[PDB]
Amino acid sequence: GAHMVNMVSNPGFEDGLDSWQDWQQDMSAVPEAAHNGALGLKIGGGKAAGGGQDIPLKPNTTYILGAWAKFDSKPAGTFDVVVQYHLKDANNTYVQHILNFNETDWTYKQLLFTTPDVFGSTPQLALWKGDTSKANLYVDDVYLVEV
């Protein structure tokens, strides 16, 4: 109203891996992983792996983080979607806003948070598949919207 601002670049992986860092060389944008559109992100099983992007959030602002994910077989651990940054306080507090997934059917989760007055480091959006079973992880439509 009149627009909703989304802060995630290439949120649906429709531009492949554009804008996303592939930390463990274990990511591909493939039709297999799509929940919407032509592509989704597949993070390959067998080792902990993930990727992410840096996001310039505004201070004192309400954001909604949301994502769709599923594992293609039962995981031991989880796949986590995280917004993280440091505060500029005495303890340099590291803040993490976390969605945890372990489902084998496509599942949507979301959370709301409000950013501080000042950031101690540039916010990062992390897609972290910490599970080490053979399960592949699909994730799609990762949104971070200002309201």
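Note that residue numbering follows the sequence shown and begins at 1.
Between 115-123 and 25-33, it is 115-123 that carries the larger average Cα temperature factor according to the deposited entry. Of the two segments examined, 90-98 and 50-58, it is 90-98 that shows the higher average Cα temperature factor in the deposited entry. Sort the chain's modelled residues by C-alpha temperature factor and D80 lands in the lowest third, per the entry. For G12, the recorded CA temperature factor ranks within the lowest third of the chain's modelled residues.
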